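Asks: One structure is given below, represented as structure tokens, and several questions about it will come after.
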There are 2 protein chains.
Amino acid sequence: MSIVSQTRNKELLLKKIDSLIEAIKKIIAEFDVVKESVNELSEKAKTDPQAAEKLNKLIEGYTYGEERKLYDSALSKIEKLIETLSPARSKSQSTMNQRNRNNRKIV
Amino acid sequence: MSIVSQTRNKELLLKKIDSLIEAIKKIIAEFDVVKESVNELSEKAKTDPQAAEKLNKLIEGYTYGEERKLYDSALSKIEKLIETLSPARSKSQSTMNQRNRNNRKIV
């Protein structure tokens with residue numbers, strides 16, 4: 001029944017990769033919209049001292065966005081996988097490429 | 001309450017992003033397995049004329065695995081998203097960024 005194993009495995013990874021690109025493509029789209037939203041919002045909040053403070057801390061949080069940085073680092077993870085799928089600039093040498101340096105003789 | 005919006009959105013993409021790289025990690029694993037599987041299977045089929053013919057067309061299909069080629073090209077779409085989110089290496093301007101072989105000497 002190997003034939004059913006192959007079909008099940010194939011469909012599994014198929015859907016995983018299909019949705020994979022879909023999700024990522026959506027992320028870039030959402031980010032663009034959010035950035036535009038805060039822009040217009042700041043313009044409206046500027047007409048109020050209280051609102052000004054609301055956006056003051058909001059933009060600050062965006063700057064120190066550790067979570068935002070995590071998303072960027074997520075794309076970096078994918079890069080390593082790509083390099084694994086396609087070495088290209090392979091530095092894998094079958095030798096002791098440690099590059100030691102002693103010197104300075106004594107007695 | 002906007003706080004519920006932000007929290008729901010945060011967990012939504014945060015979870016889908018970490019799982020995203022996890023799926024890709026599994027993809028490369030299965031790929032390696034399939035490669036070894038066809039190798040072992042072909043050698044086992046070499047001991048029988050009937051199995052040899054079955055594996056003859058089987059390996060043929062794997063070599064011309066349009067599905068395998070599809071998954072490969074899928075990763076290429078991901079690489080595009082990377083350059084789309086953060087070009088850096090790319091430089092697109094309204095000026096002629098092509099440097100033809102001209103003279104341009106100090107005269």
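Identifiers for the structure tokens are assigned positionally: chains receive A, B, ... in sequence, residues are indexed from 1 per chain, and ligands are indexed from 1 in the order shown.
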Using only C-alpha atoms, which chain B residues lie at most 8 Å away from chain A, written as a PyMOL selection string?

Replies: chain B and resi 13-14+16-18+20-21+23-25+27-28+71+74-75+77-79+81-82+85

Asks: Apply DSSP to the structure's backbone, then extract all residues of chain B labelled helix (DSSP H, G or I) and return them as a PyMOL selection string.

Replies: chain B and resi 3-45+49-63+66-85

Asks: Both chains have the same sequence, so match all Cα atoms in order, fit chain B onto chain A by least squares, and return it as a CSV table (one decimal) with N, CA, C and O atoms, in the first residue's frame.

Replies:
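Writing done, so here's result09.csv:
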chain,number,residue,atom,x,y,z
B,1,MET,N,-1.5,-0.7,-2.2
B,1,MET,CA,-1.1,0.2,-3.3
B,1,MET,C,-0.3,1.4,-2.8
B,1,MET,O,-0.8,2.4,-2.2
B,2,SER,N,1.0,1.4,-3.1
B,2,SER,CA,1.9,2.4,-2.7
B,2,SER,C,1.8,3.7,-3.5
B,2,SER,O,2.2,4.8,-3.1
B,3,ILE,N,1.2,3.5,-4.7
B,3,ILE,CA,1.0,4.6,-5.6
B,3,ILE,C,0.1,5.7,-5.0
B,3,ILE,O,0.2,6.9,-5.3
B,4,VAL,N,-0.8,5.3,-4.1
B,4,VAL,CA,-1.7,6.3,-3.4
B,4,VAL,C,-1.0,7.0,-2.3
B,4,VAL,O,-1.3,8.2,-2.0
B,5,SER,N,0.0,6.4,-1.8
B,5,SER,CA,0.8,7.0,-0.7
B,5,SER,C,1.7,8.1,-1.3
B,5,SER,O,1.7,9.3,-0.8
B,6,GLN,N,2.4,7.8,-2.4
B,6,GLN,CA,3.2,8.7,-3.1
B,6,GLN,C,2.5,9.9,-3.6
B,6,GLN,O,2.9,11.1,-3.5
B,7,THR,N,1.3,9.7,-4.2
B,7,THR,CA,0.5,10.8,-4.8
B,7,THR,C,-0.1,11.7,-3.7
B,7,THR,O,-0.1,12.9,-3.9
B,8,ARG,N,-0.5,11.1,-2.6
B,8,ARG,CA,-1.1,11.9,-1.5
B,8,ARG,C,0.0,12.8,-0.9
B,8,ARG,O,-0.2,13.9,-0.6
B,9,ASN,N,1.2,12.2,-0.7
B,9,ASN,CA,2.3,12.9,-0.1
B,9,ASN,C,2.8,14.0,-1.0
B,9,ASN,O,3.1,15.1,-0.5
B,10,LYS,N,2.9,13.7,-2.3
B,10,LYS,CA,3.3,14.7,-3.3
B,10,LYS,C,2.5,16.0,-3.2
B,10,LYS,O,3.0,17.1,-3.1
B,11,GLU,N,1.2,15.8,-3.3
B,11,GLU,CA,0.3,17.0,-3.3
B,11,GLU,C,0.3,17.7,-2.0
B,11,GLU,O,0.2,18.9,-1.9
B,12,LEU,N,0.5,16.9,-0.9
B,12,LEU,CA,0.5,17.5,0.5
B,12,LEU,C,1.6,18.6,0.6
B,12,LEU,O,1.3,19.7,0.9
B,13,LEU,N,2.8,18.2,0.4
B,13,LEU,CA,3.9,19.1,0.6
B,13,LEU,C,4.1,20.1,-0.6
B,13,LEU,O,4.4,21.2,-0.4
B,14,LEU,N,3.7,19.6,-1.8
B,14,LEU,CA,3.8,20.5,-3.0
B,14,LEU,C,2.9,21.7,-2.8
B,14,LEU,O,3.4,22.9,-3.1
B,15,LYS,N,1.7,21.5,-2.3
B,15,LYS,CA,0.8,22.6,-2.1
B,15,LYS,C,1.2,23.5,-0.9
B,15,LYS,O,1.1,24.7,-1.0
B,16,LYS,N,1.7,22.9,0.1
B,16,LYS,CA,2.1,23.6,1.3
B,16,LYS,C,3.3,24.4,1.1
B,16,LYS,O,3.6,25.4,1.8
B,17,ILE,N,4.2,24.0,0.2
B,17,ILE,CA,5.4,24.6,-0.1
B,17,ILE,C,5.2,25.9,-1.0
B,17,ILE,O,5.8,27.0,-0.7
B,18,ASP,N,4.3,25.8,-2.0
B,18,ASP,CA,4.1,27.0,-2.8
B,18,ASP,C,3.3,28.1,-2.0
B,18,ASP,O,3.6,29.3,-2.2
B,19,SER,N,2.4,27.6,-1.2
B,19,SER,CA,1.6,28.5,-0.3
B,19,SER,C,2.5,29.2,0.7
B,19,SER,O,2.3,30.3,1.2
B,20,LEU,N,3.6,28.4,1.1
B,20,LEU,CA,4.5,28.9,2.1
B,20,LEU,C,5.2,30.2,1.7
B,20,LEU,O,5.1,31.2,2.5
B,21,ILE,N,5.7,30.3,0.5
B,21,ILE,CA,6.3,31.5,0.0
B,21,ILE,C,5.3,32.6,-0.2
B,21,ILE,O,5.6,33.8,-0.1
B,22,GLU,N,4.1,32.2,-0.5
B,22,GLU,CA,3.0,33.2,-0.7
B,22,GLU,C,2.6,33.9,0.5
B,22,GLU,O,2.4,35.1,0.5
B,23,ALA,N,2.7,33.2,1.7
B,23,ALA,CA,2.4,33.8,3.0
B,23,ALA,C,3.4,34.8,3.3
B,23,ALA,O,3.1,35.9,3.8
B,24,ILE,N,4.7,34.4,3.1
B,24,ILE,CA,5.8,35.3,3.4
B,24,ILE,C,5.8,36.6,2.6
B,24,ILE,O,6.1,37.7,3.1
B,25,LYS,N,5.3,36.4,1.4
B,25,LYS,CA,5.2,37.6,0.4
B,25,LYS,C,4.2,38.6,1.0
B,25,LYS,O,4.3,39.8,0.8
B,26,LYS,N,3.1,38.1,1.6
B,26,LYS,CA,2.1,38.9,2.1
B,26,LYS,C,2.6,39.6,3.4
B,26,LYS,O,2.2,40.8,3.7
B,27,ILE,N,3.4,38.9,4.2
B,27,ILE,CA,3.9,39.4,5.4
B,27,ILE,C,4.7,40.8,5.2
B,27,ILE,O,4.4,41.8,5.9
B,28,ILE,N,5.6,40.8,4.2
B,28,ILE,CA,6.3,42.0,3.9
B,28,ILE,C,5.4,43.1,3.4
B,28,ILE,O,5.7,44.3,3.7
B,29,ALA,N,4.3,42.8,2.8
B,29,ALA,CA,3.4,43.7,2.3
B,29,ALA,C,2.7,44.4,3.4
B,29,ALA,O,2.6,45.7,3.5
B,30,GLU,N,2.1,43.6,4.4
B,30,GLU,CA,1.4,44.2,5.5
B,30,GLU,C,2.4,45.0,6.4
B,30,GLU,O,2.0,46.1,6.9
B,31,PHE,N,3.6,44.6,6.5
B,31,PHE,CA,4.6,45.3,7.3
B,31,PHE,C,4.8,46.7,6.7
B,31,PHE,O,4.8,47.7,7.5
B,32,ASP,N,4.8,46.9,5.4
B,32,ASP,CA,5.0,48.2,4.8
B,32,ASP,C,3.8,49.0,5.0
B,32,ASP,O,3.9,50.2,5.3
B,33,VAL,N,2.6,48.4,4.9
B,33,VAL,CA,1.3,49.1,5.2
B,33,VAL,C,1.3,49.7,6.6
B,33,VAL,O,0.9,50.9,6.8
B,34,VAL,N,1.6,48.9,7.6
B,34,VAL,CA,1.6,49.3,9.0
B,34,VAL,C,2.5,50.5,9.2
B,34,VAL,O,2.1,51.5,9.9
B,35,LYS,N,3.7,50.5,8.6
B,35,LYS,CA,4.7,51.6,8.7
B,35,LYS,C,4.1,52.9,8.2
B,35,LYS,O,4.2,53.9,8.8
B,36,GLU,N,3.4,52.8,7.0
B,36,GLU,CA,2.8,54.0,6.5
B,36,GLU,C,1.6,54.5,7.3
B,36,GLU,O,1.3,55.6,7.4
B,37,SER,N,0.8,53.5,7.8
B,37,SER,CA,-0.4,53.7,8.6
B,37,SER,C,-0.1,54.5,9.8
B,37,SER,O,-0.7,55.5,10.1
B,38,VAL,N,1.0,54.1,10.6
B,38,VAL,CA,1.3,54.8,11.8
B,38,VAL,C,1.8,56.3,11.5
B,38,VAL,O,1.6,57.2,12.3
B,39,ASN,N,2.4,56.5,10.3
B,39,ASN,CA,2.9,57.8,9.9
B,39,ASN,C,1.7,58.7,9.7
B,39,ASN,O,1.7,59.8,10.3
B,40,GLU,N,0.8,58.3,8.9
B,40,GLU,CA,-0.4,59.1,8.6
B,40,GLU,C,-1.3,59.4,9.8
B,40,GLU,O,-1.7,60.5,10.0
B,41,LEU,N,-1.4,58.4,10.7
B,41,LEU,CA,-2.2,58.5,11.9
B,41,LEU,C,-1.6,59.5,12.8
B,41,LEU,O,-2.3,60.3,13.4
B,42,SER,N,-0.3,59.4,13.0
B,42,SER,CA,0.5,60.4,13.9
B,42,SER,C,0.3,61.8,13.4
B,42,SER,O,0.1,62.7,14.3
B,43,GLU,N,0.3,62.1,12.1
B,43,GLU,CA,0.2,63.4,11.6
B,43,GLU,C,-1.2,63.9,11.8
B,43,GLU,O,-1.4,65.1,12.1
B,44,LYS,N,-2.2,63.0,11.7
B,44,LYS,CA,-3.6,63.4,11.9
B,44,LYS,C,-3.9,63.7,13.4
B,44,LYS,O,-4.8,64.5,13.7
B,45,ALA,N,-3.1,63.1,14.3
B,45,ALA,CA,-3.3,63.2,15.7
B,45,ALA,C,-2.6,64.5,16.2
B,45,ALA,O,-3.0,65.0,17.3
B,46,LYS,N,-1.7,65.0,15.4
B,46,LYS,CA,-1.0,66.2,15.7
B,46,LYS,C,-1.9,67.4,15.7
B,46,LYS,O,-1.5,68.5,16.2
B,47,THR,N,-3.1,67.3,15.1
B,47,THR,CA,-4.0,68.4,15.0
B,47,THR,C,-4.9,68.5,16.2
B,47,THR,O,-5.8,69.3,16.3
B,48,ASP,N,-4.8,67.6,17.2
B,48,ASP,CA,-5.6,67.5,18.4
B,48,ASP,C,-4.9,67.1,19.6
B,48,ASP,O,-4.2,66.0,19.6
B,49,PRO,N,-5.0,67.8,20.7
B,49,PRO,CA,-4.3,67.5,22.0
B,49,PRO,C,-4.7,66.1,22.5
B,49,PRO,O,-3.8,65.4,23.0
B,50,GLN,N,-5.9,65.7,22.4
B,50,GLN,CA,-6.4,64.5,22.9
B,50,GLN,C,-5.9,63.3,22.0
B,50,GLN,O,-5.3,62.4,22.5
B,51,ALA,N,-6.0,63.5,20.7
B,51,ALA,CA,-5.5,62.5,19.8
B,51,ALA,C,-4.0,62.4,19.8
B,51,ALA,O,-3.5,61.3,19.6
B,52,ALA,N,-3.4,63.5,20.1
B,52,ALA,CA,-1.9,63.5,20.2
B,52,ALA,C,-1.4,62.6,21.4
B,52,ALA,O,-0.4,62.0,21.2
B,53,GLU,N,-2.1,62.6,22.5
B,53,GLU,CA,-1.8,61.8,23.6
B,53,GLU,C,-2.1,60.3,23.3
B,53,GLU,O,-1.3,59.4,23.7
B,54,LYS,N,-3.2,60.1,22.6
B,54,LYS,CA,-3.5,58.7,22.3
B,54,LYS,C,-2.5,58.1,21.3
B,54,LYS,O,-2.1,57.0,21.5
B,55,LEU,N,-2.0,58.9,20.4
B,55,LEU,CA,-1.0,58.5,19.4
B,55,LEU,C,0.3,58.5,20.0
B,55,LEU,O,1.2,57.8,19.5
B,56,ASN,N,0.5,59.2,21.1
B,56,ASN,CA,1.8,59.2,21.8
B,56,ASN,C,2.1,57.8,22.3
B,56,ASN,O,3.2,57.3,22.1
B,57,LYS,N,1.2,57.2,23.0
B,57,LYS,CA,1.4,55.9,23.6
B,57,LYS,C,1.2,54.8,22.5
B,57,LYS,O,1.9,53.7,22.5
B,58,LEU,N,0.4,55.1,21.5
B,58,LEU,CA,0.2,54.2,20.3
B,58,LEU,C,1.5,53.9,19.6
B,58,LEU,O,1.9,52.8,19.3
B,59,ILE,N,2.2,55.0,19.2
B,59,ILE,CA,3.4,54.9,18.4
B,59,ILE,C,4.5,54.3,19.3
B,59,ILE,O,5.4,53.6,18.8
B,60,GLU,N,4.4,54.6,20.6
B,60,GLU,CA,5.4,54.0,21.6
B,60,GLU,C,5.3,52.5,21.5
B,60,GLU,O,6.3,51.8,21.4
B,61,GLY,N,4.1,52.0,21.5
B,61,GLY,CA,3.8,50.5,21.5
B,61,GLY,C,4.3,49.9,20.2
B,61,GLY,O,4.8,48.8,20.2
B,62,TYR,N,4.2,50.7,19.1
B,62,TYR,CA,4.6,50.2,17.8
B,62,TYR,C,6.1,50.1,17.7
B,62,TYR,O,6.7,49.2,17.1
B,63,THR,N,6.8,51.1,18.3
B,63,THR,CA,8.2,51.2,18.3
B,63,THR,C,8.8,50.1,19.1
B,63,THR,O,9.8,49.4,18.7
B,64,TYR,N,8.1,49.8,20.2
B,64,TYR,CA,8.5,48.7,21.1
B,64,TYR,C,7.7,47.5,20.8
B,64,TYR,O,7.4,46.7,21.7
B,65,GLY,N,7.3,47.3,19.6
B,65,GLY,CA,6.4,46.2,19.2
B,65,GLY,C,7.1,44.9,19.3
B,65,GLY,O,7.9,44.5,18.4
B,66,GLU,N,7.0,44.2,20.4
B,66,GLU,CA,7.6,42.9,20.7
B,66,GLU,C,7.1,41.9,19.7
B,66,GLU,O,7.9,40.9,19.3
B,67,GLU,N,5.9,42.1,19.2
B,67,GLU,CA,5.4,41.2,18.2
B,67,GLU,C,6.1,41.3,16.8
B,67,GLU,O,6.4,40.4,16.1
B,68,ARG,N,6.4,42.6,16.5
B,68,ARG,CA,7.1,42.9,15.3
B,68,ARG,C,8.5,42.3,15.3
B,68,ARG,O,9.0,41.8,14.3
B,69,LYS,N,9.1,42.3,16.5
B,69,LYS,CA,10.4,41.8,16.7
B,69,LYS,C,10.4,40.3,16.6
B,69,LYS,O,11.3,39.6,16.2
B,70,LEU,N,9.3,39.7,17.0
B,70,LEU,CA,9.1,38.2,17.0
B,70,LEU,C,9.0,37.7,15.6
B,70,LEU,O,9.6,36.7,15.2
B,71,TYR,N,8.3,38.5,14.7
B,71,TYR,CA,8.2,38.1,13.3
B,71,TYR,C,9.5,38.2,12.6
B,71,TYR,O,9.8,37.4,11.7
B,72,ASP,N,10.3,39.2,13.0
B,72,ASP,CA,11.6,39.4,12.5
B,72,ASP,C,12.6,38.2,12.8
B,72,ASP,O,13.2,37.6,11.9
B,73,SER,N,12.5,37.8,14.1
B,73,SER,CA,13.4,36.7,14.5
B,73,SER,C,12.9,35.3,13.9
B,73,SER,O,13.7,34.4,13.8
B,74,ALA,N,11.6,35.3,13.6
B,74,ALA,CA,11.0,34.1,13.0
B,74,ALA,C,11.7,33.8,11.6
B,74,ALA,O,11.9,32.7,11.2
B,75,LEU,N,11.9,34.9,10.9
B,75,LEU,CA,12.6,34.8,9.5
B,75,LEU,C,14.0,34.3,9.7
B,75,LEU,O,14.5,33.6,8.8
B,76,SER,N,14.6,34.7,10.8
B,76,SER,CA,16.0,34.2,11.1
B,76,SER,C,16.0,32.7,11.3
B,76,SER,O,17.0,32.1,10.9
B,77,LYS,N,15.0,32.1,11.8
B,77,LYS,CA,14.9,30.7,12.0
B,77,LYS,C,14.9,30.0,10.6
B,77,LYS,O,15.4,28.9,10.4
B,78,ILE,N,14.2,30.7,9.7
B,78,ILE,CA,14.1,30.2,8.3
B,78,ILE,C,15.5,30.1,7.6
B,78,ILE,O,15.9,29.1,7.0
B,79,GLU,N,16.3,31.2,7.8
B,79,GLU,CA,17.6,31.3,7.3
B,79,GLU,C,18.5,30.1,7.8
B,79,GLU,O,19.4,29.6,7.1
B,80,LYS,N,18.2,29.7,9.0
B,80,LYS,CA,19.0,28.6,9.6
B,80,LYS,C,18.7,27.3,8.9
B,80,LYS,O,19.6,26.6,8.6
B,81,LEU,N,17.4,27.1,8.6
B,81,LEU,CA,17.0,25.9,7.9
B,81,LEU,C,17.7,25.8,6.5
B,81,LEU,O,18.0,24.7,6.1
B,82,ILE,N,17.9,27.0,5.9
B,82,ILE,CA,18.5,27.0,4.6
B,82,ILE,C,19.9,26.5,4.7
B,82,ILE,O,20.3,25.6,3.9
B,83,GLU,N,20.7,26.9,5.7
B,83,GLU,CA,22.1,26.5,5.9
B,83,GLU,C,22.1,25.0,6.4
B,83,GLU,O,23.1,24.3,6.2
B,84,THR,N,21.0,24.6,7.0
B,84,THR,CA,20.9,23.2,7.5
B,84,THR,C,20.7,22.3,6.3
B,84,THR,O,21.2,21.2,6.3
B,85,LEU,N,19.9,22.7,5.3
B,85,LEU,CA,19.6,21.9,4.1
B,85,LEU,C,20.7,21.9,3.1
B,85,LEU,O,21.1,20.9,2.5
B,86,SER,N,21.3,23.1,3.0
B,86,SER,CA,22.4,23.3,2.0
B,86,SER,C,23.4,24.3,2.6
B,86,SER,O,23.3,25.5,2.4
B,87,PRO,N,24.5,23.8,3.3
B,87,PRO,CA,25.5,24.7,3.9
B,87,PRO,C,26.3,25.4,2.9
B,87,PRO,O,26.1,26.7,2.8
B,88,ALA,N,27.1,24.7,2.2
B,88,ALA,CA,28.0,25.3,1.1
B,88,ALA,C,29.0,26.3,1.7
B,88,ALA,O,30.2,26.0,1.7
B,89,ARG,N,28.5,27.4,2.2
B,89,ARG,CA,29.4,28.4,2.7
B,89,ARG,C,30.1,27.9,4.0
B,89,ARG,O,31.2,28.3,4.3
B,90,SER,N,29.3,27.1,4.7
B,90,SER,CA,29.8,26.5,6.0
B,90,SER,C,30.7,25.3,5.8
B,90,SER,O,30.5,24.5,4.8
B,91,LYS,N,31.7,25.2,6.6
B,91,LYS,CA,32.7,24.1,6.5
B,91,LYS,C,33.0,23.6,7.9
B,91,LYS,O,33.7,24.2,8.7
B,92,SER,N,32.4,22.5,8.3
B,92,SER,CA,32.6,21.9,9.6
B,92,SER,C,33.3,20.5,9.5
B,92,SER,O,32.9,19.6,8.8
B,93,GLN,N,34.5,20.4,10.1
B,93,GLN,CA,35.3,19.2,10.1
B,93,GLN,C,35.8,18.9,11.5
B,93,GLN,O,35.5,19.6,12.4
B,94,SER,N,36.5,17.8,11.6
B,94,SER,CA,37.0,17.4,12.9
B,94,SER,C,38.4,17.9,13.1
B,94,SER,O,39.1,17.7,14.1
B,95,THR,N,38.9,18.7,12.1
B,95,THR,CA,40.2,19.4,12.2
B,95,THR,C,40.1,20.8,12.6
B,95,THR,O,39.0,21.4,12.6
B,96,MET,N,41.2,21.4,13.0
B,96,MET,CA,41.1,22.8,13.5
B,96,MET,C,41.0,23.7,12.3
B,96,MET,O,41.9,24.0,11.6
B,97,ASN,N,39.8,24.2,12.1
B,97,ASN,CA,39.5,25.1,11.0
B,97,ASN,C,39.8,26.6,11.3
B,97,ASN,O,39.4,27.5,10.6
B,98,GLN,N,40.4,26.8,12.5
B,98,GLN,CA,40.7,28.2,12.9
B,98,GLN,C,42.2,28.5,12.5
B,98,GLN,O,43.1,27.7,12.9
B,99,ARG,N,42.4,29.6,11.9
B,99,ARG,CA,43.8,29.9,11.4
B,99,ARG,C,44.3,31.1,12.3
B,99,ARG,O,44.0,32.3,11.9
B,100,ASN,N,45.0,30.9,13.3
B,100,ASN,CA,45.5,31.9,14.2
B,100,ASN,C,46.7,32.6,13.5
B,100,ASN,O,47.2,32.1,12.5
B,101,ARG,N,47.1,33.8,14.0
B,101,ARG,CA,48.2,34.5,13.4
B,101,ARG,C,49.5,34.0,13.9
B,101,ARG,O,50.1,34.4,14.9
B,102,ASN,N,50.0,33.0,13.2
B,102,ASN,CA,51.3,32.4,13.5
B,102,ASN,C,52.3,32.8,12.5
B,102,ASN,O,52.1,33.7,11.7
B,103,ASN,N,53.5,32.2,12.5
B,103,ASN,CA,54.5,32.5,11.5
B,103,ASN,C,54.3,31.8,10.2
B,103,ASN,O,53.9,32.4,9.2
B,104,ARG,N,54.6,30.5,10.2
B,104,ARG,CA,54.5,29.6,9.0
B,104,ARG,C,55.2,30.2,7.8
B,104,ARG,O,54.5,30.6,6.8
B,105,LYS,N,56.5,30.2,7.8
B,105,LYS,CA,57.3,30.8,6.7
B,105,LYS,C,58.0,29.6,6.0
B,105,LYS,O,58.1,28.5,6.6
B,106,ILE,N,58.4,29.8,4.8
B,106,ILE,CA,59.1,28.8,4.0
B,106,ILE,C,60.6,28.7,4.5
B,106,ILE,O,61.5,29.4,4.0
B,107,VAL,N,60.8,27.8,5.5
B,107,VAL,CA,62.2,27.6,6.0
B,107,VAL,C,62.4,26.2,6.3
B,107,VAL,O,61.5,25.3,6.2
